[PDB]
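Below: one structure, written as structure tokens.
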Amino acid sequence: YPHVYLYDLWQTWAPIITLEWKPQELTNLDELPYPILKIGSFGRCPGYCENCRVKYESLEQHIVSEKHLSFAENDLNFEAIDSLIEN
Amino acid sequence: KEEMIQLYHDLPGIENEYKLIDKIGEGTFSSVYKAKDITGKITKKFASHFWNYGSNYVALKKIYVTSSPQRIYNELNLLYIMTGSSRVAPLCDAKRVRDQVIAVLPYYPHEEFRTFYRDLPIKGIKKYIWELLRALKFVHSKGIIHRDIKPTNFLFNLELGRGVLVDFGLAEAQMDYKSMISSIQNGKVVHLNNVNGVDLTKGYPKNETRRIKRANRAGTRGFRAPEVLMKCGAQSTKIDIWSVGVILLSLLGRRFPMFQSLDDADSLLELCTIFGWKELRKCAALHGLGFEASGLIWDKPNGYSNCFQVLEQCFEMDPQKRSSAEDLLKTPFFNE
Amino acid sequence: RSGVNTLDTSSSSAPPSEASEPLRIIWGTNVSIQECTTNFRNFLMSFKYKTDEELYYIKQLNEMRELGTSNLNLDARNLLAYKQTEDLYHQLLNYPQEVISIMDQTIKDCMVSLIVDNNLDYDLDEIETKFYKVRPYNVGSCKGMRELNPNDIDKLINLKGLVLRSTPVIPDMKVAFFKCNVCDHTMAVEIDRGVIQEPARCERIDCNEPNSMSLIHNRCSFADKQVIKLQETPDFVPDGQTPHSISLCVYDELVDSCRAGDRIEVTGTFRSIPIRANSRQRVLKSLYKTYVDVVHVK
Ligand SMILES: [Zn+2]
Ligand SMILES: [Zn+2]
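Chains as they are written, first to last, in the UniProt record's numbering: chain A, 263 to 308, 659 to 699; chain B, 16 to 198, 245 to 367, 442 to 471; chain C, 155 to 204, 220 to 467.
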């Protein structure tokens with residue numbers, strides 16, 4: 263049934279999928295949902661630690677981790693701004 | 016209330032350096048407090064700054080420890096070197112500890128942007144865009160692309176007419192150099254054209270888009286340029302001016318929820334809804350990568366209009456038409 | 155925060171079930187793909203041997234990429250150290266089939282993220298296209314082949330013994346090659362759980378003759394398989410118990426890696442299968458035949 267996909271003229275480059283049916287739920291024909299903006303749609307009825665490359669749910673939990681503590685005492689990346697600050 | 020005590024516990028130095036006045040805002044990328052910046056604090060160090068050229072309240076920007084050292088350093092260095100005048104936020108100092116860091120950026124009084132978004136004369140918007148586009152021209156003179164353009168990113172104050180940039184962590188530069196030294246049934250491929258099903262028929266064939274293209278996609282949804290939406294491997298400068306055009310379309314339209322999009326495909330569908338998918342496919346093709354929108358439902362030409444014309448005709452998505460910042464300034468906005 | 159590409163085995167194991175607050179809990183098991191992959195990524199990116222302070226696996230992956238190796242030997246004991254994998258250990262022991270593919274996909278994605286996030290070099294197509302594999306080698310202690318029960322089928326175990334015999338290489342089909350004897354149109358079919366679905370009609374619109382597909386034997390694609398006869402030497406021996414010899418199946422790269430007389434320690438999966446009563450009929454015997462599938466050899 264109807265759909266949309268962007269791709270490459272050569273197809274050497276992988277494409278971008280947008281398989282979409284405005285009637286998603288039955289994927290045949292329906293009216294309740296919509297993928298496009300509605301002019302009046304106010305609603306009216308009418659983390660990840662890159663420093664320690666580990667997922668987490670609350671910040672305080674990640675602090676006590678051994679990996680996080682080890683970096684804190686390691687002070688070797690602070691030369692950058694200090695060099696500019698003193699200038 | 017608890018903020019002063021916790022910040023003092025973490026950083027005893029500020030307890031003697033500043034008496035924190037109060038908190039003025041909480042960002043998704045950092046925290047902003049306002050502090051009474053009168054210690055010795057040589058007025059020369061605090062001089063030639065967009066606010067009054069003196070020594071007075073300085074906002075403290077508490078940067079989340081989660082952010083990478085390289086990212087925070089690029090931000091804190093582009094604050095220092097490339098931003099010291101021309102209606103930009105200057106930075107004088109910063110306090111660092113083992114983990115967390117604070118920047119010392121002079122406070123700029125302002126007001127919420129949702130208060131005066133529908134009851135402001137045209138001249139105020141004219142001077143607003145004048146200030147923004149002057150700052151944009153200075154940024155391009157510096158050679159950096161802001162790439163994250165939104166109302167919060169530029170604080171404004173109507174009483175004094177003050178305007179300063181903020182929340183610009185996603186600022187980066189273009190390539191700035193280009194080198195060219197030289198120059245029937247087979248499977249699910251049958252789905253529509255071959256290209257539709259090449260991906261499915263094989264086992265996750267190739268993977269280029271997110272592996273060898275990988276382009277750049279950072280910023281806020283609904284303000285991206287078509288090249289970014291299409292994930293092209295080369296974009297020069299015009300994303301910022303496209304975002305500016307989006308802003309002016311927002312301001313000409315008295316309705317708070319301009320866009321509800323939260324996905325790339327949804328945003329592209331919104332762009333096809335507002336503007337013809339015919340010209341969208343044209344632009345995608347001429348950018349150098351294919352496009353195919355076979356969605357039957359909702360294919361009719363979109364309402365284009367149903442001051443306004445001159446303001447709406449400046450939305451050109453290819454690099455062979457649009458002009459520079461001073462060129463947009465040339466249009467009459469400076470009555471007396 | 156990294157790129158991802160799904161594998162064919164992952165897609166096959168896609169069909170989820172409900173009753174798990176994450177959703178996506180494979181029927182019959184308790185494995186959840188999202189949590190397993192997240193825990194594996196966290197463990198891979200953060201683990202030290204406690220030289221005991223450095224990132225243990227980050228280097229190993231680095232040398233792997235540098236040299237071109239595609240096999241990661243994983244000491245199953247390590248997972249008991251880290252707090253997260255305390256359950257992934259039992260999940261790996263009980264449901265090896267899905268877990269191994271999950272770990273393999275996670276490892277490939279980890280390699281891609283490692284190479285890309287540091288901007289080392291732009292030649293990533295080779296690694297993006299090649300395969301990877303993980304081999305556990307330190308499963309917990311076992312009690313001898315005699316002491317396993319029928320409920321222990323499709324579990325992970327280890328054995329020690331002496332090699333006696335090894336059958337020659339046996340070709341194993343993977344892709345069958347059919348031809349239409351009236352239009353020369355050729356098709357390829359991929360084996361599915363040991364069954365090949367022969368076509369019933371030429372798929373050409375011009376040629377639609379029924380039962381015109383023939384099989385060309387030499388044009389198929391085959392794999393490698395070998396059978397090893399092992400004289401086990403269990404640590405604990407009950408009263409009056411004598412030896413026998415066990416059958417091991419080795420596939421792909423492990424063929425020809427053992428010679429008779431060698432003393433080895435193997436880690437593999439415990440299997441079962443029924444055997445045809447006679448070649449003429451297609452009747453099977455109720456009593457099953459047991460063997461082992463080799464996944465690691467020390
Ligand atoms: Zn951390
Ligand atoms: Zn035929």
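Think of the CB as a built atom: it goes at the ideal place given N, C-alpha and C, for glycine as much as any other residue.
- Counting C-beta pairs closer than 8 Å gives three or more between the stretch 289-306 of chain B and the stretch 259-279 of chain B, which meets the contact rule.
- Annotation: the continuous beta strand (DSSP E) that includes residue 172(B) extends over 169-172.
- For the stretch 379-415 of chain C, the full-length beta strand (DSSP E) segments reaching 3 residues or more read 382-384 and 390-401 along the chain.
- Under the three-state reduction of DSSP output, residue 306(B) falls in the helix class.
- For residue 278(B), not one C-beta of chain C is nearer than 7 Å to its own C-beta.
- Look at which beta carbons fall closer than 7 Å to any heavy atom of ligand 2; those residues are 349(C), 351(C), 352(C), 354(C), 371(C), 373(C), 376(C), 378(C) and 381(C).
- With a beta-carbon spacing of about 35 Å, residue 190(C) and residue 332(C) fall beyond the 8 Å limit used to define contacts.
- Relative to ligand 1, the beta carbon of residue 663(A) is positioned inside 6 Å of a heavy atom.
- Identification of chain A residues near residue 199(C) by a Cβ-Cβ cut-off of 7 Å yields 665 and 666, ordered along the chain.
- Among the residues of chain A, those whose CB is under 8 Å from the CB of residue 196(C) are 666 and 667, following chain order.
- Taking a cut-off of 8 Å on C-beta distances, the stretch 440-453 of chain C does not touch the stretch 332-348 of chain C, as fewer than three cross pairs fall below it.
- Taking 8 Å as the upper bound for CB-CB distance, residue 120(B) and residue 73(B) are in contact here, some 7 Å apart.
- Listed along chain A, the residues sitting closer than 8 Å to residue 192(C) by beta-carbon distance are 667.
- The C-beta of residue 284(A) comes closer than 7 Å to at least one C-beta of chain B.
- For residue 352(B), the number of other beta carbons within 10 angstroms of its own is at least 16, and it is reported as buried.
- At least 7 Å separates the CB of residue 85(B) from every CB of chain C.
- According to the DSSP assignment, residue 272(C) belongs to the alpha helix (DSSP H) that extends over 265-286.
- Among the residues facing chain A, residue 113(B) is included, as its CB has a counterpart in that chain under 7 Å away.
- In the structure shown, the three-state DSSP call for residue 451(B) is coil.
- Excluding the 5 residues flanking it on each side, residue 355(C) has same chain C-beta neighbours closer than 6 Å at 348, in chain order.
- Annotation for residue 680(A) indicates a beta carbon within 6 Å of some heavy atom of ligand 1.
- In the displayed model, residue 347(C) falls within a strand according to three-state DSSP.
- A Cβ-Cβ contact shorter than 7 Å links residue 265(B) with residue 160(C).
- Judged by DSSP secondary structure, residue 436(C) falls within the beta strand (DSSP E) whose first and last residues are 432-439.
- Every alpha helix (DSSP H) of 4 residues or more that sits fully in the stretch 134-173 of chain B is shown, in chain order, as 137-157.
- DSSP, read as helix, strand or coil, puts residue 264(B) in coil.
- Around the Cβ of residue 70(B), a 10 Å sphere holds 16 or more other Cβ atoms; the residue is buried.
- In this structure, residue 151(B) lies near residue 460(B), with their beta-carbon atoms less than 7 Å apart.
- Not a single CB atom of chain B sits nearer than 7 Å to the CB of residue 361(C).
- Taking a beta-carbon distance threshold of 7 Å, residue 155(C) counts as an interface residue toward chain A.
- Residue range 84-95 is occupied by the alpha helix (DSSP H) that includes residue 93(B).
- Counting only runs that start and end inside the stretch 308-357 of chain B, there is no beta strand (DSSP E) element of at least 3 residues.
- DSSP places residue 234(C) in the uninterrupted alpha helix (DSSP H) bounded by 225-236.
- Taking 7 Å as the cut-off between beta carbons, the residues of the stretch 245-271 of chain B near chain A are 256, 257, 259, 260, 267, 268, 269 and 270, in sequence order.
- By the CB criterion at 7 Å, residue 165(C) and residue 181(C) fall outside the cutoff.
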